[PDB]
S.K.: 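Here's a structure for you.
Residue numbers count from 1 along this sequence. Values below: every heavy atom of this structure, side chains too, minus hydrogens, waters and symmetry copies. As the structure lists them, so they are numbered: ligands from 1, and atoms in each ligand from 1.
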Amino acid sequence: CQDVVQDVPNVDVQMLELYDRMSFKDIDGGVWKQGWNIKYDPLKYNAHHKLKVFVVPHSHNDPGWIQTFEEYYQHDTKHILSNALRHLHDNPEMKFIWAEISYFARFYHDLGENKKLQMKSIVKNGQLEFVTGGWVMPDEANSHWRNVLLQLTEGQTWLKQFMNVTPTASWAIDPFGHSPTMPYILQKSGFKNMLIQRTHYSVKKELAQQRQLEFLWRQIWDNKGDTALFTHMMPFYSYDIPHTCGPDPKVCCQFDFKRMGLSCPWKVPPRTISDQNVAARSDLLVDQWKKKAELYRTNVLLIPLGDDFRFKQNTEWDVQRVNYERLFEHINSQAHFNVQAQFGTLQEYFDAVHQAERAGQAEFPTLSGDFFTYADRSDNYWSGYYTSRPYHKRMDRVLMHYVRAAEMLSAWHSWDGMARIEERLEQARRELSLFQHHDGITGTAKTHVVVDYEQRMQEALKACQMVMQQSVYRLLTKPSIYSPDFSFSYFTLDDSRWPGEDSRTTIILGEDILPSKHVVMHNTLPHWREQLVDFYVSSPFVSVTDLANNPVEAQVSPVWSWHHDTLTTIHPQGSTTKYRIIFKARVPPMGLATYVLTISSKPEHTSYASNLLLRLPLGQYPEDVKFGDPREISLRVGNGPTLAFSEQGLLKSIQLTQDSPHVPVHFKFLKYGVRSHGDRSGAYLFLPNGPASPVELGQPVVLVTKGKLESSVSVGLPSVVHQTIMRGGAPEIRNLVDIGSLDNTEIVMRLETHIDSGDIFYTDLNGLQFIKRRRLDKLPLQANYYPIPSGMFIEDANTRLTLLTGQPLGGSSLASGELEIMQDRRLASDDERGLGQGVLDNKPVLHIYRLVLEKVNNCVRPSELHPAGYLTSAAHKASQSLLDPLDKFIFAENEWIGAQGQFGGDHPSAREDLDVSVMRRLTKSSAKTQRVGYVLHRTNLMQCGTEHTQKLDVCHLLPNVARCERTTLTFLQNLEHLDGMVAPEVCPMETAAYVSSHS
Ligand SMILES: [Zn+2]
């Protein structure tokens, strides 16, 4: 295994280093506004050295933006695919590429056998070629890596199953910024090349000037270059026809034969190609081509030909095809051009490029880093969408976890087809897959479309719960009893965090209404976990036992809610009929643990929290509420940190241990505005008019709850209920955010330390890796905002502070010792990127965080020059507690004969840096050989020199292994037959996939 800490890779282009030297000057380049006047030597080209041009027709199809998936399908996409099918069929030299498998699957299932076979025909002959082959073309900023891999697996599985094809070239023309997570997943899924579009205009200029637009893109820690993927970055402002033929959009636009009810902004129309003009039109176009080719190292040129929802009408197919045919026939017949031009596919382009390299005509540069934050022009940085529609951003994470848990839970058994497991899982994967779209998780879609996304995710959550409950009943009922009704609710799910919602079951216990209640906890992670869990109960006199009837220590706290008296003030109210029972659930790796809640007066092993209101009846509750003037507060749970809070109930300092210092750590809410003159912030753009200013907090009500297992500080701020929860380690932060009214406002949460971070900070990419960022004072504020998909940190010689998130949001470190993360944004103006609206549809979201202060001076850190950072064990586990908590199940009935106490107590408890990211059964009951796929990710944690673990071999997890294969990440190809049927060890920062066959 490579060393990802000691050794700094050598690459031609390192993006952090690149950004440091770049001036980012927005100069007028001329007809190429953001470049220069391309010159080529016309004697470069002769009969020995021709330009080879691939004109690649395409149609960008959004699975939701202005319209819903179904709306666009009905209006646009179904017509495009019928025409493609007809036109390619009748025109054997015509070519077409296709990205979005969601729409292809939808269309293909509606075809008659005949059309099905004809369609297979034009795929087999290579005329219609699938690119990437994902369900969608996903967002790359906010998306979790697991979800990127999910949407990819979904489209490619569909392709392999229905078309017997697996794309090896990727096409990503539209995401707003590009992540190295994409080459990382794609190269582990058999890909050979990929294409990107949306990078900062100033980065395109810099690279274009050195012919570094094609590059071998490797991971920032990769010393060897094993991860490298060949990447083509297109050079110009857009993927549309004006911006794809060459440098001068005024010329290129004349070669979009659909604009003769569409027209050319530059006021020069296209003209039909005839014998009259062909020489002149050809000359104009090839000049364009040769200008573009000068930016690349080979004599092979990629010319994309299309636009959004293009190739819809029969006559668009003719006008495009026939005019370009006339051009090609003329160009290729005339030796003075020294050009071979034709219709081609993406993979055809890449093949010819690799032919040129293998012949030694070019050596390509190496690149590591990322392409965030993107700007299309002047100071219009697209950091807005790191935050837009934050409720759905959080919904993504919750759904992500429920599909994982549903697929793992049900993977253990084969299910009769009447249970409908395969169907529910299929729906849940597809819904979650669709939201990966660059108008889904991004928050850049119209309100009714966001509505559609939400309803779909909701149905997907319901489908996971139905699978999870059925699986749990099967796993913990004695086989001699197990007799299921697949439409029965054996368990209801209990979620303390989604939606946060006046739902949640109260368990109603009574000395003879119902005395005891069985609850089960599921642990999706492959090691033993202990975690505080909570349930709502109808009495404060409840005690906890395991199934063996051993006592478990518990605490009871009141249920509190916050009201806006509107008359007055934001105040808490306490329940008189529901209480919270809290205890530590111990749960096996990938396993289940049953507990019992029994009613009794005050039990032996249950304590009662106290309540202090700083500025209230509580039912059958033992400790009466106390009252107080606003004051500073210090709490400690267990031996864990001691935390001091302001008189406004905001964290002020943390003390790690009894004898360590009181470390200043201040939370502050601030607000950013929109511009006086200038451009207006929208769904995409963040255009603050100066540094944020502090929110006026007044004198708010601070609620303090103090218990032996769990304590917390909650405060009703204007817009935000803010809570710090203490369980013994790193606290959890919850914000209930209601931006409600406050137009042209962005609400930020900032941390202020004395940590001597300077200009350095660290943000993660897709929850997979942490990348070094440098704050740049030469760039505007919005350009120092980066995606925070799961966490961020600052550090000095001695001290780290890391914030872990349950939800993708935007964030920065805008001064030494600070971290900051946007909570919500409300926006009266459109930012003119196509959407037509601002963001005027906000709703209450519960944001969750963990807050880790640590001493790092005895940690093995990477050198000053390494572009990556690495989490500690504590910060890694805190992240895992946010994204993959314990699942909670309440038995829905009164008696559970058969009940067992635990599942998975024999499962190996693997090293903490290792996760079984996916467990998914791959075969229905009707197959003779059962097969299960596993995705394994091993992260890399700092060695701080800070435990008993067993070897985990996924091939042996289930009984009667007959075969085990190391596979691509999508499970679709074998990469190594494992003679042993034992899975090899995986390296730090690697992801591997195994498929186990069972007899
Ligand atoms: Zn798009």
Side-chain angles (χ1 to χ4, degrees), residues 56-73 75-78 80-81 96-104 106 130-143 147-148 151-152 155 170-179 182 194-199 233-234 236-244 256 262 304-312 346 371-372 374-377 380 382 384-386 388-389 392 433-445 447-450 452-453 682-685 787 830-831 833-837:
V56 176
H58 75 88
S59 189
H60 176 77
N61 283 243
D62 299 305
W65 184 40
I66 303 311
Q67 300 211 79
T68 69
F69 184 90
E70 191 67 25
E71 289 164 343
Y72 282 132
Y73 178 73
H75 302 172
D76 307 73
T77 301
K78 81 147 158 186
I80 293 162
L81 291 170
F96 198 50
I97 63 160
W98 192 270
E100 301 92 359
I101 303 304
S102 58
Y103 278 125
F104 200 87
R106 178 77 179 86
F130 299 100
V131 290
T132 318
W135 203 248
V136 294
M137 175 185 296
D139 178 32
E140 303 178 16
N142 296 300
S143 52
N147 308 325
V148 182
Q151 68 76 32
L152 190 69
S170 177
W171 175 254
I173 49 161
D174 212 23
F176 324 142
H178 300 273
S179 179
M182 304 312 296
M194 63 171 288
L195 173 154
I196 65 179
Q197 168 51 35
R198 292 182 180 300
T199 64
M233 193 193 288
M234 298 200 309
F236 305 127
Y237 171 77
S238 193
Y239 55 74
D240 64 6
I241 300 171
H243 298 85
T244 48
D256 180 358
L262 283 138
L305 192 75
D307 208 341
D308 290 27
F309 299 95
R310 286 300 201 92
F311 297 103
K312 187 203 172 144
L346 189 61
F371 293 109
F372 297 119
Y374 174 55
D376 73 310
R377 45 184 265 236
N380 285 198
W382 297 40
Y385 79 97
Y386 313 152
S388 306
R389 279 55 179 265
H392 307 96
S433 284
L434 275 170
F435 190 68
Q436 308 312 308
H437 175 51
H438 58 267
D439 303 298
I441 195 185
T442 48
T444 58
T447 294
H448 86 282
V449 179
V450 172
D452 196 43
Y453 293 120
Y684 307 94
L685 298 185
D830 166 59
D831 40 0
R833 299 304 197 290
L835 174 62
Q837 34 153 126

S.K.: Taking only residues two or more places apart in sequence or in another chain, which ones pass ring pair (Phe, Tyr, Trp, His ring centres under 6.0 Å) with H178?
M.R.: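 Ring pair (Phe, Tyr, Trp, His ring centres under 6.0 Å) check on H178 returns nothing, list empty.
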
S.K.: Looking only at heavy atoms, which two atoms of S59 and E100 are closest? And how far apart?
M.R.: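 Minimum heavy-atom contact is O-OE1, 4.4 Å.
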
S.K.: Check the angle between the aromatic planes of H438 and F176 and answer parallel, tilted or perpendicular using the 30° and 60° thresholds.
M.R.: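 Perpendicular, since the angle between the ring planes exceeds 60°.
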
S.K.: Count, excluding waters, the protein N, O or S atoms that are closer to the Zn ion (ligand 1) than 2.8 Å.
M.R.: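 For the Zn ion (ligand 1), protein nitrogen, oxygen or sulfur atoms under 2.8 Å: 4.
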
S.K.: Sort out for me which residue in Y72, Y73, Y103 forms a ring-ring contact (aromatic ring centres under 6.0 Å, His included) with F309.
M.R.: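 For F309, the ring-ring contact (aromatic ring centres under 6.0 Å, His included) test succeeds with only one of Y72, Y73, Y103, which is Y72.
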
S.K.: Taking only residues two or more places apart in sequence, or in another chain, which ones meet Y374 in a ring pair (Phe, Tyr, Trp, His ring centres under 6.0 Å)?
M.R.: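 For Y374, the residues satisfying ring pair (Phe, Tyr, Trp, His ring centres under 6.0 Å) (neighbours in sequence not counted) are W382.
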
S.K.: Using the test ring pair (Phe, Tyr, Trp, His ring centres under 6.0 Å), find all partners of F435 that sit at least two apart in sequence or belong to another chain.
M.R.: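 Once residues adjacent in sequence are excluded, the partners of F435 under the ring pair (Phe, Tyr, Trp, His ring centres under 6.0 Å) criterion are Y453.
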
